[PDB]
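Counted the way the deposited numbering counts, the sequence shown spans residues 16 to 34, 37 to 67, 69 to 125, 127 to 130, 132 to 183, 183A, 184 to 187, 187A, 188 to 204, 209 to 217, 219 to 220, 220A, 221 to 245. Quick reminder that beta carbons are idealized off the backbone N, C-alpha and C, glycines included. Report on the structure given below.
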Amino acid sequence: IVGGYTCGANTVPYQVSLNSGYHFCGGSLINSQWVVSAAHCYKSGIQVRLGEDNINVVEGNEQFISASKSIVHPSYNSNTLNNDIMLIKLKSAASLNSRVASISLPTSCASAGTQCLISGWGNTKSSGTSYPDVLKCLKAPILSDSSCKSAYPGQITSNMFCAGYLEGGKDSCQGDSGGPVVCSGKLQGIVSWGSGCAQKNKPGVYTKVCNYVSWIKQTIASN
Ligand SMILES: NCCCCc1ccccc1
Ligand SMILES: [Ca+2]
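Right under this line is the structure:
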């Protein structure tokens, strides 16, 4: 997260860190045994880390649980990142509490101008590299579909939206991938891609979760 703030411990209780010996992507807890992330975060050997603030220190509210199954979206295209969504089932159910809680799926899509909360442990610089240990947060509005498509000609599909600031300075970045965009209490986006971070006229692109709710609900119910 570039241009954001320190969230504070456990203030984003649905935020997960995906770990394969190191943090590599975020995700969102959507019930006790299922996490939503980006398909581009797919890998073997994932441990889901719940209840994290500092990812390099054991602070007392963590739950570490191996993934038992990953399900990349049937139509994920790694070339274009269309359908950049993946479900991860936990080997055992998380113990739900204050510090570890699920986030609701959308009932309908969000509108341009709606403010959302984006969070992660990604790079905090556009001027180089610096990875935080504690969770970072950013409030940002959903941008109009036309400003998104103007920013990224030929590359935005109906399964994507842009959020942030065309002026630059405030964005998601490397390491935030797969994490949440929460608007009005619902998971409306997943950190998906962009051109650099926090650059002028290049806002972040996010998977549009409202298009996937029926797939998520059917998949969970069958698995
Ligand atoms: N604002 C876009 C978010 C950055 C996502 C990302 C994923 C993988 C490699 C670099 C960046
Ligand atoms: Ca920790």
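Going by beta carbon distance, what residues of the same chain come within less than 8 Å of residue i, once the five residues before and after it are set aside?
| i | result |
| --- | --- |
| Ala119 | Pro28, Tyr29, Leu46 |
| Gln50 | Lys107, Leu108, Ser110, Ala111, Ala112 |
| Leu185 | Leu163, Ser167, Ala171, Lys222, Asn223, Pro225 |
| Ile176 | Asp165, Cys168, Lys169, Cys182, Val227 |
| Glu80 | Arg66, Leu67, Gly69, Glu70 |
| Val75 | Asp153 |
| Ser150 | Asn143, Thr144 |
Which same chain residues end up closer than 7 Å to residue i when comparing Cβ atoms and leaving out the 5 residues on each side of it in sequence?
| i | result |
| --- | --- |
| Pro152 | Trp141, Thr144 |
| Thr229 | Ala55, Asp102, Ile103, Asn179, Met180, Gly211, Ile212, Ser214 |
| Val154 | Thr21, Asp71, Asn72 |
| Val235 | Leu123, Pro124 |
Return the chain-ordered list of same chain residues with a C-beta closer than 6 Å to the C-beta of residue i, the five sequence neighbours on each side being excluded.
| i | result |
| --- | --- |
| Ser93 | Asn101 |
| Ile242 | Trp51 |
| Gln64 | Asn34, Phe82, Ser84 |
| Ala132 | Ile162, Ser164 |
How is the beta strand (DSSP E) around residue i delimited, first residue to last?
| i | result |
| --- | --- |
| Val227 | 226-230 |
| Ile121 | Careful: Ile121 lies outside any beta strand (DSSP E) and carries neither H nor E. |
| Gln192 | Element bounds for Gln192: n/a, residue is neither H nor E. |
| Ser84 | 81-90 |
| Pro161 | 156-161 |
| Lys107 | 104-108 |
Grab the span of the alpha helix (DSSP H) containing residue i for me, first residue to last.
| i | result |
| --- | --- |
| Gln240 | 235-243 |
| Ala171 | 165-171 |
Out of the options, which one is the CA nearest neighbour of residue i?
| i | options | result |
| --- | --- | --- |
| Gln240 | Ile89, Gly187, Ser146, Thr149 | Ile89 |
| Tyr59 | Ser139, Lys87, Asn74 | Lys87 |
| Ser54 | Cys42, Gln64, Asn48 | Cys42 |
| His91 | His57, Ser84, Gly197 | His57 |
| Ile121 | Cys220, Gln64, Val200 | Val200 |
| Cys22 | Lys222, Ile138, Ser146, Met180 | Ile138 |
| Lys204 | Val231, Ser217, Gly216, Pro124 | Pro124 |
| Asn25 | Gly62, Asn72, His40 | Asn72 |
| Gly183A | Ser150, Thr134, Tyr234, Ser244 | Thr134 |
| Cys220 | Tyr234, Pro198, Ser146, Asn245 | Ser146 |
| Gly62 | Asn245, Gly38, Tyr234 | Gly38 |
| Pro198 | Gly69, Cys136, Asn95 | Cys136 |
Tell me, to the nearest whole angstrom, how far the beta carbon of residue i is from that of residue j; I am working on the premise that it is less than 8 Å.
| i | j | result |
| --- | --- | --- |
| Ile16 | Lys159 | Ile16 to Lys159, Cβ: 11 Å. No contact. |
| residue 13 | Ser32 | It is not possible to answer for residue 13, since the shown part of the chain is limited to 16 through 245. |
| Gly18 | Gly187A | 5 Å |
| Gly216 | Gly44 | About 18 Å separates the two Cβ atoms, so there is no contact after all. |
| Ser127 | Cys232 | 6 Å |
| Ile238 | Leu105 | 7 Å |
| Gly148 | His40 | In fact, because the Cβ distance is near 19 Å, the residues do not count as touching under 8 Å. |
Closer than 6 Å: residues whose CB approaches a heavy atom of ligand 1: Going along the chain, the residues that qualify are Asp189, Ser190, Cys191, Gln192, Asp194, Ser195, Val213, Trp215, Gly216, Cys220, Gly226.
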